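Chemist: Protein chains in written order, with my numbering: chain A, 42 to 116; chain B, 12 to 224; chain C, 1494 to 1785; chain D, 669 to 838; chain E, 456 to 614.
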Amino acid sequence: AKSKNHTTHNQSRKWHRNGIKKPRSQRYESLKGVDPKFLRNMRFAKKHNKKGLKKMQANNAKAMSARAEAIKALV
Amino acid sequence: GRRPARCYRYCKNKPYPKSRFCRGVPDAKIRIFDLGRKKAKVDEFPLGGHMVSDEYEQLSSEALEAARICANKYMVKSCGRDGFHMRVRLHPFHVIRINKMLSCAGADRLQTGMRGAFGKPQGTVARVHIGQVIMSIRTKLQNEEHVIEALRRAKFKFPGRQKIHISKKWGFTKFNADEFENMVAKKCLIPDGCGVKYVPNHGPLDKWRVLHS
Amino acid sequence: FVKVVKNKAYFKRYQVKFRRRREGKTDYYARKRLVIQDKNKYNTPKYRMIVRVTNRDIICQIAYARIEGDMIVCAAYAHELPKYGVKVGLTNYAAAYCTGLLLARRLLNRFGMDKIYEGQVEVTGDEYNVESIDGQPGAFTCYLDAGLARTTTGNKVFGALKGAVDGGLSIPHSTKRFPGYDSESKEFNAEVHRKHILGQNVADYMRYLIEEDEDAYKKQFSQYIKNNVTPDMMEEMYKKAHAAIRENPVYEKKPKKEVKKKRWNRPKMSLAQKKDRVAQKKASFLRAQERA
Amino acid sequence: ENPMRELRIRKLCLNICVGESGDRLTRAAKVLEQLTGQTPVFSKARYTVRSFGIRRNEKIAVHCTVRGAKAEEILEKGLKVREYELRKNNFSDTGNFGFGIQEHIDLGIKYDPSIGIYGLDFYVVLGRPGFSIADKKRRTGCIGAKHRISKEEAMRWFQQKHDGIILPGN
Amino acid sequence: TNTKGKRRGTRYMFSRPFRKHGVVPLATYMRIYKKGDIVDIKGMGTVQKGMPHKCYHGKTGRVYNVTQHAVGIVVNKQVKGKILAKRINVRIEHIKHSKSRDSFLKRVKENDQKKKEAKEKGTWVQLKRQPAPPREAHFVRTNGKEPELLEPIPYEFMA
RNA sequence: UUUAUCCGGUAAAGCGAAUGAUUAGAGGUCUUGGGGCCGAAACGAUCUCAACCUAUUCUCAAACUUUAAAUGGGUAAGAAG
RNA sequence: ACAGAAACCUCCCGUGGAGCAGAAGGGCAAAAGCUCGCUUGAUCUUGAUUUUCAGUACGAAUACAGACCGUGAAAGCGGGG
RNA sequence: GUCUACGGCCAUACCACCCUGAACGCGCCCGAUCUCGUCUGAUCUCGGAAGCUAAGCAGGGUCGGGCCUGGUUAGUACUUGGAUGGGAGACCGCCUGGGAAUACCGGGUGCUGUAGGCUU
RNA sequence: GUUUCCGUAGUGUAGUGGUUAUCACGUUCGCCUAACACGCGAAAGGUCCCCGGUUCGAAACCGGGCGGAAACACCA
Ligand SMILES: [Mg+2]
Ligand SMILES: [Mg+2]
Ligand SMILES: [Mg+2]
Ligand SMILES: [Mg+2]
Ligand SMILES: [Mg+2]
Ligand SMILES: [Mg+2]
Ligand SMILES: [Mg+2]
Ligand SMILES: [Mg+2]
Ligand SMILES: [Mg+2]
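(1) Assign residue 842 of chain D to one of two classes, buried (16 or more other C-beta atoms within 10 Å of its C-beta) or exposed (fewer than that).
(2) Please classify C/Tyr1610 as buried or exposed, where buried requires at least 16 other C-beta atoms within 10 Å of its C-beta.
(3) If you measure from each residue's Cβ to the nearest non-hydrogen atom of ligand 1, which ones come out under 7 Å, in chain order?
(4) Can you tell me which of the three DSSP states C/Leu1583 falls into?
(5) Please give the ranges of any alpha helix (DSSP H) in the stretch 1618-1655 of chain C, keeping only runs that are unbroken, at least 4 residues long and fully inside the region.
(6) Mind listing the chain C neighbours of D/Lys805? Cutoff is C-beta to C-beta under 7 Å, in chain order.
(7) Compute the Euclidean distance between the alpha carbons of B/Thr135 and B/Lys40, then round it to the nearest angstrom.
(8) In whole angstroms, what separates the C-alpha of C/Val1743 from that of C/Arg1599?
(9) Output, in sequence order along the chain, the residues in the stretch 167-179 of chain B whose CB is closer than 7 Å to any CB in chain E.
(10) Under 7 Å between the Cβ atoms of B/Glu68 and B/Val144?
(11) Who are the neighbours of D/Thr808 on chain C, taking C-beta pairs under 7 Å?
(12) Quick check on DSSP: helix, strand or coil for B/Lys131?
(13) What residues from chain E crowd round A/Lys63, counting only those whose CB sits closer than 8 Å?
(14) Any residues in the stretch 499-528 of chain E with a beta carbon nearer than 9 Å to a beta carbon of chain C? Which ones, in chain order?
(15) Taking 8 Å as the threshold, find out whether the stretch 119-126 of chain B comes into contact with the stretch 177-196 of chain B through three or more Cβ pairs.
(16) Sorted by chain position, which residues of the same chain lie with C-beta nearer than 6 Å to C/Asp1607's C-beta, five sequence neighbours on each side aside?
(17) Can you name the residues that DSSP bridges to E/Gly527?
(18) Mind pulling the chain B residues with CB within less than 8 Å of C/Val1771?
(19) Is there a Cβ from chain E that is less than 7 Å from the Cβ of A/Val75?
(20) By the criterion of Cβ-Cβ separation under 9 Å, what are the contact partners of A/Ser106 in chain E?
(21) To the nearest angstrom, report how far apart B/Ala165 and B/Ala74 are at their CA atoms.
(22) Could you tell me if E/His593 is buried or exposed, where buried requires 16 or more neighbouring beta carbons within 10 angstroms of its beta carbon?
(23) Measuring CB to CB, does D/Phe765 end up less than 7 Å from D/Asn757?
(24) Given a threshold of 16 other Cβ atoms within 10 Å of its Cβ, counted over all protein chains shown, does B/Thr184 qualify as buried or as exposed?
(25) Mind checking whether C/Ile1560 and E/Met499 have CB atoms under 7 Å apart?
(26) By alpha-carbon positions, which one of E/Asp495, E/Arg471, E/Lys490 and E/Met613 ends up nearest to B/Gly142?
(27) Taking 7 Å as the cut-off, decide whether the C-beta atoms of D/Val730 and D/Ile773 are in contact.
(28) Going by DSSP, which residues form a beta bridge with D/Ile722?
(29) Answer yes or no: does any C-beta atom of chain E fall closer than 7 Å to that of B/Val158?
(30) Would you list the one or two residues that DSSP bridges to E/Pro472?
(31) When the distance is taken between beta carbons, is B/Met97 closer than 7 Å to B/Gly47?
(32) Would you call the stretch 704-718 of chain D in contact with the stretch 1757-1774 of chain C, where contact means no fewer than 3 C-beta pairs closer than 8 Å?
(33) What do you reckon, are the CB atoms on E/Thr522 and E/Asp495 nearer than 7 Å?
(34) For the alpha helix (DSSP H) holding C/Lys1688, just list the boundary residues, first then last.
(35) Please report the distance separating the alpha-carbon of B/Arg20 from that of B/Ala82.
(36) Decide yes or no for the touch test of the stretch 560-579 of chain E against the stretch 543-550 of chain E: beta carbon pairs closer than 8 Å, at least 3 of them.
Here it is in structure tokens:
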């Protein structure tokens, strides 16, 4: 009652017919896997961002009016 | 005794050297891969007659024996006992196998047929490639014919097919015969029993100081 | 005869050690563990204070390690110390202090910190361990490098350390080896470090030797006689140094330009000049014995 | 005129082998103690041997190393017994030498009927200034080509200070 | 059927090459890795802690973590069809900066530079690479020789 | 399919590079031997054979490898830059 | 010295021929070889991953993180071998 | 030129032997009052500075071993595809591409990183 | 061929866990005996089959072998 004990025969044919998809990689992949002491921290970075938006907005408008003046001084 | 050479004529398998891995190898039939005046010199003995295989095959140890002996017999006659060297250049050495004869008694009842198919050591054989030398001989330049035919008889202990060829080298060196007398007289080459040392413009100068001295 | 150990085979297979090994200068495993900076840092360095007491001069220097070759930020030697009123006995544990102290302050003049984390001043010989001030530049730090000195109690290396700690670097040092630790009890005297820092080792040797015999004095330390140095005095050279060092640590160099620039090595012989010497011989030989 | 190639004694080694352990060894230690004035180190068996009555990690010999002037003062008062004469094949290939004695009493020593007579091996390592280059830890190295004490320099060492004959014939 | 053990068939991979048996040169763990950087795995005998394993000896992946002495690294591994982008935690010793990217970067730095310049001209410069064209009509010249005559040479049997 | 770039230990080769086998001679009281033969005996003479090793040479290895292909496997060749 | 192919000592050579509880295989030197001091990182605790893969378990491993600690002048190193 | 301190890559650096060291260091050296370590201040620690380059090291030398390149062997061995090629068979021939290794010949013999000397 | 079992003094046979080896018999020497037996006192005798490995060490523990033995070789 003996038989075959493997083969990897047509096969190439199969796990290949539908393709072999090189894994569709998004931007913005998961941070799960990373050392907790990164995340522990970068969440205090991410959480206390808005504290410091007043600077951010004014300091934007400074650069925006300085570059409205740079492009207008070119004109 | 053994199956006829036929069945182990051809190299199918990877070399089985007698080692740790196989053991209980019966000692190789052949034992002397040179005879005659192996006490010769390079300078008195100038004819590297050769026997060369033309086929990718295996040669049994027991063929090599016969092949040798029948060349010791014709040379002797021919040259005399002192008047040659013969060298065999295939010491049998990958080991050949035998399933253990499918032994059974009378009508029998069980052999198990194929289980543990792997055999045992039977003997020993040489690998031989094409254009590769099996036997070589040296004599006097005089005595070419008497090499030719000695290897000629040896071909007939010996399967497949194989040419007899006469070399361009001093006897048993690698140095092309048109060239010794010169290369010795100036000492690129220095006598060393059978062979010869090639001495180059390399080592310390006090090595040279000994020659041309 | 024997078998020749040193075959061709010996040298085909002989695999060299690893240069600063052959010369016999460097734990590197241990340089490994000292130097290489963790990779939750990527660029930021790892400073080590390097002290090797030579034999005549103690060298101390802070170094950080780059892939091209560890860069030295600051270096303070012992043979500078004549400047600071210390003429002699300058490979001596008490001068390793001044040197290490120097180093700490020549460093701390840069990154403008000579006005903060001064460390201990009067000098005790205790736990001084710098505590970084909040709202300021946080203190400097480095992981002492002994090199190859069997660091027993008393040895100058981790003694120069005491200097750089006293001088305001934040090295992790324990006290288990400062001259003063009692290896059958496990404390300090600390007032042994008093002495050991200011050289009343050498004073009290300069006093056991003198009253016994003359001319072992003078032999054992001539330059301690010459330069009109004495015991009693000693303690109050060094105290001028850990003061004088600390009012001015900075190096001024000495400017350098003159040299004529002669070549008084010997040069490599060119090919042809070896090429003949064999042809120059062998014509010296041949000629010589085509005769006799 | 040589600067400081003062061929001079680095050390004197005293070994007293006695394949026994316990007493007959412990007493031998007092001989070296007495002779030298320093507590000798007990050696032990490299490994067991059957015809001998010794066993791996069993104590066998007791040995010392004596150095500085007190080496000179036991080499002298050593050979004396060998009346300032040795043989050709003790001046060794590395410029050391070796002379054995038969009985410890002959060196100005008192016999107790208990503490018998175990001679000893005297050997001496001739050196020279800058032979510690090898043995040190930092910047180790090897000792030149010359600066190595040859057999024949170690010979006419021993022949111009202890002025011995050094008789030939094995 | 064979043994699954993690280090089968590695007898002669992980084996350090020649005359390098010993102290791991320190440089190889004092160059900085950081997430995004592409890295080639290359297993090593000496250090066994934080080894990769043979089924990715000699692959490349980008780095996604950086721990104290290791680098979490995403690599693609083929497995009866479906390739799996998958993440391992390999100690620095077994890792290098692949110069794979580093033809591009030097090609970018050149193209942005050659585009910003020749904009003040407005002349169109050949930015793209282009495969090796067919070799152009050139001439040759012999001067004062005819060319040398080859003949195939007669066989004689050497041995 | 190119161009970069890694990865790779198979064919071949070598074995005067490691390990393992193995032929032969020159050479060597290396050592040492065990037999001779000439020697009471004597590295004395001369042989001889063991073993070793100094230059050599024959021939090999799947559970060897200094070298070392062809065929092969990763990446990368940008707007997520 | 007794001491002999082997005890004991001392010099020199000694890329690795040892050694590293074991099959081999890979690894190893002012180490991972050997000797001693100090000890419990063989401890308590979440998670992530590798390997066997279906990419399920178990086993075994890898990286991190949190406690509490040994060691070490210290950097680190250490959650059995 | 050169050295020291720390170094990178780890022999073009090793090894073997031969030659020369001006200054500073680097070394050899001299001793055990302390620290500390030993059977022994033989190594480590320390306090020194009476000598000399004796060696290391450094600098050089060898038709020197080795290592590192080049060539040669060699378009050889081997090989991707290829054929209703040969050959009783082993194997061999060609077409389309790729293409090694030894013996044998050559050349080379460590480059530099920071800090600090000396030759002012 | 496959599965077991042994081998130790001149012989038959004990023995241990890894330090050590026995019994009986045989035999050599005395004594007793007129002389042999028997009896009584003394004695010497193997690489523990040949090996390689482990181990402080092996007769004894692995692996290989060599010699002597035993036991199966069933449906047709
Ligand atoms: Mg250490
Ligand atoms: Mg393979
Ligand atoms: Mg250690
Ligand atoms: Mg933890
Ligand atoms: Mg001393
Ligand atoms: Mg010198
Ligand atoms: Mg000199
Ligand atoms: Mg050379
Ligand atoms: Mg077809």
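All C-beta atoms, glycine included, are put in the ideal place defined by N, C-alpha and C.
Modeler: In this structure, then:
(1) Residue 842 of chain D lies beyond the range of chain D shown here (669 to 838); nothing can be said about it.
(2) buried
(3) C/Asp1520 and C/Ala1523
(4) coil
(5) If we require 4 residues or more, the stretch 1618-1655 of chain C turns out to have no alpha helix (DSSP H) run fully inside it.
(6) Ordered by position in chain C, the residues that pass the 7 Å Cβ test against D/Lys805 are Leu1641.
(7) 8 Å
(8) C/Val1743 and C/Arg1599 have their C-alpha atoms roughly 5 Å apart.
(9) Hits within the stretch, in order: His176 and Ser178.
(10) no
(11) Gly1517
(12) strand
(13) Simply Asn531 and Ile538.
(14) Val521, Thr522, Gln523, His524, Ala525 and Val526
(15) no
(16) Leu1601
(17) E/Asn544
(18) In chain order, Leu216 make up the part of chain B whose C-beta sits under 8 Å from the C-beta of C/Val1771.
(19) yes
(20) Result: empty, since nearest Cβ-Cβ is about 26 Å, beyond 9 Å.
(21) 9 Å
(22) exposed
(23) no
(24) buried
(25) no
(26) E/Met613
(27) no
(28) DSSP output for D/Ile722 lists D/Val717 as bridge partner(s).
(29) no
(30) Answer is none; E/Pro472 lacks a bridge partner.
(31) yes
(32) no
(33) Not in contact: E/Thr522 and E/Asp495 (Cβ atoms no closer than 7 Å).
(34) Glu1684 to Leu1691
(35) 22 Å
(36) no
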